Amino acid sequence: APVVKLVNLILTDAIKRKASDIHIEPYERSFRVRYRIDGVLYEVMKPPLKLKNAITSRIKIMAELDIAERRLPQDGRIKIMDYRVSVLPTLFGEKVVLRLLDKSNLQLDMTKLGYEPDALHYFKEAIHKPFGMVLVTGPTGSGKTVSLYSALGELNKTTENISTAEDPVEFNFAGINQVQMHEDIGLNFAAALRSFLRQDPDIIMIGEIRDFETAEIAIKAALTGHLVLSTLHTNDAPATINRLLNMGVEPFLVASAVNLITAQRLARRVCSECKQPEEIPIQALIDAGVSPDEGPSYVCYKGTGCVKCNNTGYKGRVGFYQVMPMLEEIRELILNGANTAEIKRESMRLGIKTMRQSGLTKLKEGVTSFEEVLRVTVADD
Amino acid sequence: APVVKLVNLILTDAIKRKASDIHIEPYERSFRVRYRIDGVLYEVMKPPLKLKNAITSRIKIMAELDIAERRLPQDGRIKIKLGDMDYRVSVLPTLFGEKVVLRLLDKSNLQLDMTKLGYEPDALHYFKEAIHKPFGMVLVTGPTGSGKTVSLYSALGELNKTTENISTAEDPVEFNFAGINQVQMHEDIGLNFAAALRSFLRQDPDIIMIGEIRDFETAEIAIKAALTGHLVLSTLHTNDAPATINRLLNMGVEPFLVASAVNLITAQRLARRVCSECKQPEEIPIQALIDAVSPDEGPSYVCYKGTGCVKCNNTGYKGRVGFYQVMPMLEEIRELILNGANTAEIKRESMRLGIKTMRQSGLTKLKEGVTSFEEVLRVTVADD
Amino acid sequence: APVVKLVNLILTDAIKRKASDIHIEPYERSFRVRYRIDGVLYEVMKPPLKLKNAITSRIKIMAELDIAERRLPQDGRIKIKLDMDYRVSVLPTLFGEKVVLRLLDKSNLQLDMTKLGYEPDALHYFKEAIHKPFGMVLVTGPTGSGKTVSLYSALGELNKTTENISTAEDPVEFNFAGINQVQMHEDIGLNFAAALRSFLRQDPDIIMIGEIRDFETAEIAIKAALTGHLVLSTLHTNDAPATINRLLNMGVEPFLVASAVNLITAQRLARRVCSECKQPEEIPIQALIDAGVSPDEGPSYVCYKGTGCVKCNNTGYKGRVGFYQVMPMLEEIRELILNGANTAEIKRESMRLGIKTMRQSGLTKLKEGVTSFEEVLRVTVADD
Amino acid sequence: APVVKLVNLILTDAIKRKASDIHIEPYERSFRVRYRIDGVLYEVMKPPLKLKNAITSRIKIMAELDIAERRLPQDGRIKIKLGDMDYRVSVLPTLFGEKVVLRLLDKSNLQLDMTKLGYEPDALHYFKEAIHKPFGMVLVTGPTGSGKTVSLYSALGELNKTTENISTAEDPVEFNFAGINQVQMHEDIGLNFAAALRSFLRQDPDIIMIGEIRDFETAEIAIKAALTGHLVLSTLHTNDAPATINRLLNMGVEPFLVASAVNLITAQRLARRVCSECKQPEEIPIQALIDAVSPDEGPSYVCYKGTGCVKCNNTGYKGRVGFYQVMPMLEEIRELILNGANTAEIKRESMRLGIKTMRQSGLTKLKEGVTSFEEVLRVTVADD
Ligand SMILES: Nc1ncnc2c1ncn2[C@@H]1O[C@H](COP(=O)(O)OP(=O)(O)O)[C@@H](O)[C@H]1O
Ligand SMILES: Nc1ncnc2c1ncn2[C@@H]1O[C@H](COP(=O)(O)OP(=O)(O)O)[C@@H](O)[C@H]1O
Ligand SMILES: [Mg+2]
Ligand SMILES: [Mg+2]
Ligand SMILES: [Zn+2]
Ligand SMILES: [Zn+2]
Ligand SMILES: [Zn+2]
Ligand SMILES: [Zn+2]
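Residues numbered from 1 in each chain as written, not as in the entry; some residues may be left out. Chains lettered and ligands numbered in written order. Part of a larger assembly, values for the part shown. Heavy atoms only, no water. Residues with missing side-chain atoms left out of burial classes, pairs and counts.

Going by the PDB entry, chain C carries the name Type IV pilus biogenesis ATPase PilB and comes from Geobacter metallireducens. The deposited PDB record carries the title "PilB from Geobacter metallireducens bound to ADP". Note on chain C: under the UniProt heading Sequence similarities (unreviewed entry), the record states "Belongs to the GSP E family." As its UniProt record puts it under Subcellular location (unreviewed entry), chain C is described as follows: "Cytoplasm". (UniProt positions renumbered as here; feature names shortened; annotations may be inferred.)

Going by the annotation in the PDB entry, the name recorded for chain A is Type IV pilus biogenesis ATPase PilB, with Geobacter metallireducens given as the source organism. One UniProt comment on chain A, placed under Sequence similarities (unreviewed entry), says "Belongs to the GSP E family." The heading Subcellular location (unreviewed entry) in the UniProt record of chain A holds the text "Cytoplasm".

Next comes the structure, spelled out in structure tokens:
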């Protein structure tokens, strides 16, 4: 059947389009294909609804998945480019999602990630301190894994033992030993982490801590003399500090044993070809933004769209990073029971920028637009 | 199995008939199969008493009801093929038998428009401003038949866009939406709320919707979906917005987990609204009206009570106007769950912050003349 | 099968090579064996991936460990004869099981204090602390810094038929006749606190606890100190002065921190230059003066770097030595504790007194030609 | 069974010897049986290593210890026939064995006089006035070896009269009283705290005494005995007087049941008292002393610390002075358990009512010069 040609075309054009996700959704009256491009969905196709069972069925064949059951979700992988395949039992048919993991495009360069020079310096200084904790925070898809893999990429050596427990493992690294864990058999982050301490590790990587049990082991791994990398899901960088205390972690451990906390979120890049100045009133800029020391200097760009953009006005993505090293003063505020507003107050006062401030500086450089700054970052104060 | 074709024959006859209501209830002396047309009920069938147990058990199979317990009431719903059909079944143990009542459900004529749902303007501001975040979870609480599903569809219809992946899991789906991913689950095959969530997280959802969380297994990974960077919509049956926090804590969810995850709790209940034509002013002692209310605005209240007409069938009301309590989660409320909390003290905090509770909502609808004091006192507990 | 010979070869070459740790790690493409030698990892092997499942599998047999599960971590001990015994940790890596073997050398325990690189002046203080009838002496540093070597040597230093000495370790890394050693297991309900509570009921003279992780053990241990017992323990901190502040941050009141502790030491390890190939390296005096040394005698310094040789397998370094700061408490430091001084102030006075920093211990060791300049800069942190 | 006659031979030799302390502890290389005479310890025996497990297990049979767990510490006591003898046993798991320590118990020289026990005059008023009612229950809380049994004997010796039936159940009986009915229970035969109470209620007791209530089964019928019209005396191991109420509520006892039944909770702990001859004034910053104390009376404190002599064996203390917190149950406290309660809020209420807590008690004994700041900080948590 021609159906073979179509399934490959959907996967081939998704790679051509640099989409990070593929969606095949049947509906009652409709059938649609969506590509997610720079975190945003666009519908690239309308294949005929007669074929809905044929198009999905072969993708399960490629995944070595059972075609016989349409009533239940199924999961798997496909290597061709390689994709994580997720199947779901919608009322009107099965919806298939293919989420690509691109091995070659992973940057693995920190200067290339949009880190500001000062922020990069704190992060680099933080990761090479032995016996410390690095927390990378943000929502899903904010670049935590990309940032963290670059950190693991920056230090890898024959001289050190690096051990990682991830759920799932996003990419295979030579030289770094990765554990994939699934809870149904009893492997949790804590159990894998306790196993790590008996292996004589140097560097320890754990994807996230949702639990006090895992949190306590990981903070104990920091004080033992190993560098431990992890993530947390939070509204801002400071709030991870107060959330650790809410996890039940004693203040002295939070202050003493963790070197750094970062927060990052992702905004789309303005197109290099189509960008043109937009005139945004300085008072809208100042109302959330910098006071008008910089106001005359700001030039804000937006793309009109072109063939390069597929008429979106945006091509690519850039990080907005807030990097908070743990200051002696931050340690004192933790030890004193300080609240979140005061912790951010001193952090800004002491010269480490916020996410809105870092994003807003990227706007002055012309990398991102103003509408993206307001869409992504949360208003400060 | 002629009783099977005859069991369906009763429902099809009730389709041809105008009756909205059907009753099979068994007796030892006789067997009553009844239809209610235009509110009056009539006996239809005197079918076999030997197949009475067989038929009643069969209709229980249609509803996903457990036959293993005949001693306790069981409620549910069914779908029938038509060119669609849906019924809601209510089963009660009888001394001589098991009664089964089927009440029609009309899924049409109910729209999504969020302006007409009756949210108070300040309340709609909180609900609408809460339902757009990249981060959060929303909970709509009330009894079955409170219009919770309609309120969430209104939020969904406003949230639905071609730029996002919005998926829903409910059992059944009340309405069919074009473009929203809907998974209807029946637990016999192993489709479950929890299983639906674990399937959602691998699909890259922008927005997850699941109808209610009845337990921890669903609540744990639902809250995890909220902290992941997604938006979560659900319902619970509880007394209030703060009562929702208490039940969440009793399920075993950690206190920081609740205060971090959900940015909204909104409870509502439907109440009969007085007739347009039959409403007449009814004087009430203002002190009693005051007792429920602000004494300053007390004398300005005139509450209307309907008498009856051919439109309302002498009920003295017409439609349904809901009373809403919407509780965004404030930093103040956030600090109270984390420093330790009590249902009453959370009620006090939200109520001093300017968040209006159900009773005061029904009162404003009382002053406006939409409802009556009788109905407000029925559907709402006294705050003080 | 050759697997037997190959496994023994991996282990026997580890003993000849004086490695601290053995790693057999499978990957997707390559396969590797690593030895840790003098705190630094070097890969000595590339066995074929066909034997990878066999190589791990036989080691499990040697450990009396279950072959049936390849999906879970396993731990155990192995004793073999040429006799050597060391532990095993197995982990389920994506492409296979990685096995780590960490050598515990039975007859190689140092047992001598001067042999560890203690400063002549520092050693007197350490001995003075451990021979007092009451109070606690704390030795701090990261993992692998030799705290266990120092503590076992201290218990070795004073042991007598006249005293009952009791130690709680997790795990015990060596068995000594005359000292009664219990290996602690937390899963069975035995913690440091629970083990310590029994110790106070056993009528000890001197008590050893591996580390204090929290207040619960800290309070019990400090109360044992004031009882008339000498208690040996460790804490994880950056240096000796900060250990005082770590106790206070745990919630111990200042008066007990001053009164109940005799001394605090911190120590770390730097690699030792080759006996054969060592040669002078030229370090500019201004770079060394700004950090390494105050601007007196700096011109005289002779800095070494090894060229590498067959003795070192061209690493330039053979063996390692400790850098020690040993700080008994003078009344002036005790007075600052009682006055609420911060860490810098205690560090200022600790430095102002006879007490040498960790950099100072390394820099004196560099002048003797024992260690290089790169090692002194790599391990200890600059004091100001 | 020659090891049995030899096991007793060790204890009898320790009787002929002056040693207060015996240690069997096993080793793999050797076997150490040690006695401690005049505080110095000496190795006595090098008995068979083959019977080491046999002997150690046998001494565990003497103590009512469970042999089924060798992996965890077990503590207890034994009696020996002499013309009486009693020992307290402490068992600890060892890597190579199980250590057993026996420490002598001298039951003589401790009298009942209630004036010399050291209850503060206002505290003794509450305790003595509480221990006579026809209705109530008394609870004396503290750690093992706090003199709880001695305090209750003092109350008993004052309560004992020929006009009343006073019965006691404890395991073992510390002292033998003439005229008091004493039942010593060992749970193997089925004598139990609960069984002893059900036997008491049928005997028409005026006063019931039972040593501690470890569970609900005893607590339920103990409280019932208090409401019956009788007087109940017991102990618990807890942190404080209010902490006792919290544990009682956690056992499942209803809140009205606690507030109705117990009219007293008194916690105490023994602390070393400074030497008479060796006490010298030791100046302490009054602000720190103040921090623990009333700032008005702060400058008037002079606290004494002992140095050493031949009498105290250079310990710097001599005797034991207990710190007492006695908490009669006030109507104010009564209303707080019934309206809902918190450990901290009960502490606040009793402390504003004029009831003095442990810390302030130790401070008055500090100002009087009986004890020292070091000891007070060891045995008492800071109230504020
Ligand atoms: N600085 C950057 N420049 C370009 N692309 C980026 C940058 N940071 C992140 N991305 C893109 O965003 C995605 C981040 O996803 P990922 O980090 O895996 O999510 P998570 O961190 O939640 O696991 C990646 O696919 C990557 O291509
Ligand atoms: N002064 C020293 N000289 C030689 N080797 C040492 C010295 N200190 C530590 N080591 C090495 O360190 C290892 C033990 O480290 P350990 O004392 O267990 O550190 P930790 O107390 O952090 O666990 C031993 O194998 C020993 O070879
Ligand atoms: Mg990830
Ligand atoms: Mg150790
Ligand atoms: Zn363009
Ligand atoms: Zn009407
Ligand atoms: Zn060499
Ligand atoms: Zn003395």
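Novice: Please explain the overall build of chain C as it appears in this structure.
Specialist: Scanning chain C from terminus to terminus reveals 13 helices and 15 strands. The C-alpha atoms of chain C give a radius of gyration of 23 Å, which matches the 21 Å a tight globule of 384 residues would have. By its C-alpha atoms, chain C is 70 × 60 × 40 Å across when sized along the principal axes. (Helix = DSSP H or I, 4+ residues; strand = E, 2+ residues; numbered from the N terminus. Rg over C-alpha atoms; globule rule 2.2 N^0.38 Å.)

Novice: Help me understand the UniProt feature "binding site: Mg(2+)" (unreviewed entry) in chain A in this model?
Specialist: Here the UniProt feature "binding site: Mg(2+)" (unreviewed entry) sits at A:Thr145. One can find A:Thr145 in helix α4 (residues 144-154).

Novice: When you look at the interface of chain D and chain C in this model, what are you seeing that I'm missing?
Specialist: Interface extent is often summarised as the accessible area lost during association of the parts. Between chain D and chain C, the contact holds 33 residues from the first and 29 residues from the second. Only β1 (21-23), β2 (33-37), β3 (40-45), β5 (85-93), β6 (98-104) and α13 (373-379) of chain D provide two or more residues apiece to the side of chain D that touches chain C. Looking at the side of chain D that touches chain C residue by residue, the class counts come to 16 nonpolar, 3 polar and 14 charged. (Contact = heavy atoms within 4.5 Å. Nonpolar A, V, L, I, M, F, W, Y, C, P; charged D, E, K, R; others polar.)

Novice: Mind showing me how you'd approach unusual backbone geometry here?
Specialist: What is expected of a backbone is that most residues other than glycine have negative phi and most peptide bonds are trans. Residues C:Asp170 and C:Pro171 are joined by a peptide bond in cis, for which omega reads -5°. Note on placement: C:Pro171 falls in the loop between β8 (165-169) and β9 (180-183). Of the consecutive residues D:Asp171 and D:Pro172, the connecting peptide bond is found in the cis state with omega at 5°. Among the secondary structure elements, D:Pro172 is positioned in the loop between β8 (166-169) and β9 (181-183). You will see that A:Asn310, though not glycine, has its phi angle at about 55°, which is positive. Among the structural elements, A:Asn310 can be located in the loop between β14 (300-303) and β15 (314-325).

Novice: Teacher, can you tell me more about the domain arrangement of chain C here?
Specialist: Residues and elements named next belong to chain C. Taken as a whole, chain C is organised into domain 1 (1-103) and domain 2 (104-384). Distance from the C-alpha centre of domain 1 to the C-alpha centre of domain 2: 32 Å. Every contact between the two is made by 11 residues of domain 1 and, on the other side, 12 residues of domain 2. Among the secondary structure elements, those contributing two or more residues to the side of domain 1 that touches domain 2 are β3 (40-45), β5 (84-93) and β6 (96-104). (Domains from an automatic or database assignment.)

Novice: Would you mind going over the pattern of salt bridges with me for this structure?
Specialist: Opposite charge on two side chains permits them to pair, given that their charged atoms come into close proximity. The residue B:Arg198 makes a salt bridge to B:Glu217 at a minimum N-O spacing of 3.0 Å. With B:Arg198 in helix α5 (residues 193-200) and B:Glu217 in helix α6 (residues 216-227), the pair connects residues that are 19 residues apart, well separated along the chain. Between D:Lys347 and D:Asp240 there is a salt bridge, with the nearest N and O atoms lying 3.5 Å from each other. Three or more residues are tied together by salt bridges with common partners; here these are A:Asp21, A:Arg36, A:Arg99, B:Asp204 and B:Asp206. (Salt bridge = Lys/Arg side-chain N within 4 Å of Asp/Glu carboxyl O.)

Novice: So what exactly am I meant to see when it comes to the domain arrangement of chain A here?
Specialist: All names here are of chain A. Considered domain by domain, chain A is made up of domain 1 (1-100) and domain 2 (101-381). Averaged C-alpha coordinates put domain 1 and domain 2 at centres separated by 32 Å. At the interface, 9 residues of domain 1 touch 11 residues of domain 2. When grouped by side-chain class, the residues that make up the side of domain 1 that touches domain 2 number 3 nonpolar, 1 polar and 5 charged.

Novice: Looking at this model, I keep getting lost on the arrangement of the chains. Mind explaining?
Specialist: Considering every one of the 3 pairs of chains in contact, the largest contact total is recorded for chains A and B. The smallest C-alpha distance separating chain B from chain C is 20 Å, and no contact links them. Chain B makes no contact with chain D; the smallest distance between any of their C-alpha atoms is 12 Å.

Novice: It is not clear to me how the sheet that holds strand β2 (residues 31-37) of chain C should be interpreted in this structure. Could you clarify?
Specialist: Note: strands within a sheet are paired through backbone hydrogen bonds, in either parallel or antiparallel orientation. All names here are of chain C. Sheet architecture is open: 6 strands sit in the order β3-β2-β1-β6-β5-β4, paired in antiparallel fashion. Of all strands in the sheet, those bounded by a partner on one side alone are β3 and β4 (74-80). If you compare each strand with its neighbour and ignore which way they point, the axes differ by 25° on average. As paired strands, strand β1 (residues 21-26) and β6 are joined by 4 bridges and run antiparallel to one another. Residue pairing for β6: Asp21 is matched across the bridge by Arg102. Across the face of the sheet, helix α1 (residues 2-16) comes into contact with β1, β2, β3, β5 and β6 while running at roughly 25° to β2. (Pairing = 2+ DSSP bridges. Axes fitted to C-alpha atoms, helices over the stretch in contact; angles between N-to-C directions.)

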